[PDB]
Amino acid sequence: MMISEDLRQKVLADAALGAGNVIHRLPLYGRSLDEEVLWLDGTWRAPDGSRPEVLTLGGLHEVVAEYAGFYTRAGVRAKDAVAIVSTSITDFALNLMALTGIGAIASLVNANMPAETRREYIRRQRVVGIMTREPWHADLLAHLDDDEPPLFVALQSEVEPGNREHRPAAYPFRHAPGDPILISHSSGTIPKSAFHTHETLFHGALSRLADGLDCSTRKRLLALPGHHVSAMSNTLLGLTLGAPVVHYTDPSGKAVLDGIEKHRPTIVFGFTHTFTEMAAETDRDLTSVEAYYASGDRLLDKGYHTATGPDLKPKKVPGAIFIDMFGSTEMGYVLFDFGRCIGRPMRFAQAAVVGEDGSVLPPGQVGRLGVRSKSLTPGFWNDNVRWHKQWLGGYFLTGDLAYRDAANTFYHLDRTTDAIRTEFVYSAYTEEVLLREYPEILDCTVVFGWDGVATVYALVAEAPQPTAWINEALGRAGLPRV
């Protein structure tokens, strides 16, 4: 369902509400502190020592209050950065609600980040403290010998019942629109660190709630990367809408086929890989799901979805929705909803297929995807050098090459770094045609860029004799050939 007129107006009239104070406002809207709101997978160990399967609004306020005082006692003050090295969406979200209540910044770090690289990334942030769990803690104590070290490398088990008494007197913190609440990192291709504020992280959400969109009470299962800006924006968003949120730390398509069947969620958030794993695996009940929300680089037919019939009345079409979202850590929210089509920019965002001089390119020509929005990061942490340089012509270059039609429908063709000059070859597009001409094809990778010419070569039941096989798909379709 969609939220009531009552909650919408309460939300849109709360000039204070933002990513940094979401749970402390929910009581004031009238929610009961006994209601169940956030459903856990079992990985998360509570301070009393338990492993809760569900938290209520009040329980989450005391879990968050517990971690909060532990930090304020360990010495965390406002505007202080805390590096959080875990892999549990539940881990990051609770530390962010706590650290935000004390006015601090929860710098989320995926523990699996390549080790020698994680050290430079955390080192560069100058955080006053690290918090982690037992699997990575022994290595993170190296950071205590950093020129400017963290005050502490702690474990979550160090947060014990009653630590909340040390929480500050003016709790919770009163955020200003611009007060940082988070720092996230890029995924691969020295990760770039972007910080997010009380306002930018919820700018897209509320902008959508205001148009009458993305404002359902439907149960959502969040099996996203736990460190990623969206896992936090959707755990924060669902709680705000009153939508039962469910955290799954298992990215396996098979664990999410259990989760879909166990929790029977109406919508399911994950990355493309997760939905793929799900797609390869008849006797599964995916009846509850009406929409899959994906993001990053055929389970649909086992579902259903509501539409408007010619009677101008609801219909229960068969199959669920697959929504390919285009996002980044630095993009804050999603800026588009739908070659490979990304869709039209949403009303609180501006988009351009930019040129090398930065001039908006006309429709149909290929260029750098560029965007603008107050949902966007205000900058790279401690690194003004790289940031101002990732902008061209007034747009934030997202790092992808694309083109657009007259409606401003955009299509991702390739990564800028991945396009090849060959007397040009956008590989993600080139890859996709092959998986579409030759169904048998499970995977493809097409290999002088945006510098000089080169040559391109494929990487894909039976086999061919090779080039001649693939090169027939390209010829029919009209593309340069390997």
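In case it trips you up, residue 1 is the first one in the sequence shown, and so on.
Count the deposited residues lacking coordinates between residue 460 and residue 461 and you get 4 to 9 of them.
In this entry, residue 297 is separated from residue 298 by 4 to 9 residues of the deposited sequence that have no coordinates. For the segment pair 149 to 157 and 357 to 365, the entry gives 149 to 157 the higher mean B-factor, averaged over Cα atoms. Here 211 to 219 and 300 to 308 are compared by their mean Cα B-factor, and 300 to 308 comes out higher. Across the options 199, 91, 405, 116, the residue with the most elevated CA B-factor in the record is 116.
In this structure the maximum Cα B-factor among 244, 378, 253, 180 is found at 253. The PDB entry assigns residue 417 a C-alpha temperature factor belonging to the lowest third of its chain's modelled residues.
When the modelled residues of the chain are ordered by C-alpha B-factor, residue 39 sits in the middle third. When the CA B factors of the chain's modelled residues are split into thirds, the value for residue 400 lands in the lowest one. Ranked by Cα temperature factor within the chain, residue 190 sits in the highest third according to the deposited record.
Residue 278: CA B factor lies in the highest third for its chain, per the PDB record.
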